[PDB]
Amino acid sequence: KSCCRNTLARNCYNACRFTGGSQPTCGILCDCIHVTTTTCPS
Ligand SMILES: [Cl-]
Ligand SMILES: [Cl-]
Ligand SMILES: [Cl-]
Ligand code: NA
Ligand code: NA
Ligand code: NA
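This is how it looks when you write it as structure tokens:
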């Protein structure tokens, strides 16, 4: 349920997940967060 600060960080996150990274890992490595709601903070 991912949320990233910009598109460079977004690509970071998707590639991280695809090559085996857990949610918390990918959030840490790509400066992203996970929410239980339908939208992210600006
Ligand atoms: Cl996970
Ligand atoms: Cl991991
Ligand atoms: Cl997280
Ligand atoms: Na993964
Ligand atoms: Na984990
Ligand atoms: Na982790």
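Everything in the sequence shown is counted per the authors' numbering, starting at 1 for the first residue and increasing by one.
Note that beta-carbon positions come from the ideal geometry of N, C-alpha and C, so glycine has one too.
C-alpha distance - residue i paired with residue j, whole-angstrom precision
i          : j     : result
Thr39      : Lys1  : 9 Å
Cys16      : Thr37 : 22 Å
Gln23      : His34 : 8 Å
residue 45 : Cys26 : For residue 45 there is no data in the structure shown, the boundaries of the chain being 1 and 42.
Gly20      : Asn14 : 10 Å
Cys32      : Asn6  : 9 Å
Ligand 1 heavy atom lying under 7 Å from the CB of residue i
i     : result
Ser42 : no
C-beta contact flag for residue i and residue j at 8 Å
i    : j     : result
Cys3 : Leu29 : no
Residue i beta carbon near ligand 8 (any heavy atom closer than 7 Å)
i     : result
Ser22 : With respect to small molecules bound, the structure shown includes ligand 1, ligand 2, ligand 3, ligand 4, ligand 5 and ligand 6 and not ligand 8.
Any non-hydrogen atom of ligand 2 closer than 7 Å to residue i Cβ
i     : result
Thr25 : yes
(request) Could you name each continuous alpha helix (DSSP H) segment of 4 residues or more that falls completely within the segment 2–39, going from the start of the chain to the end? (result) Taken in chain order, the whole alpha helix (DSSP H) runs of length 4 or more contained in the segment 2–39 are 7–18 and 23–29.
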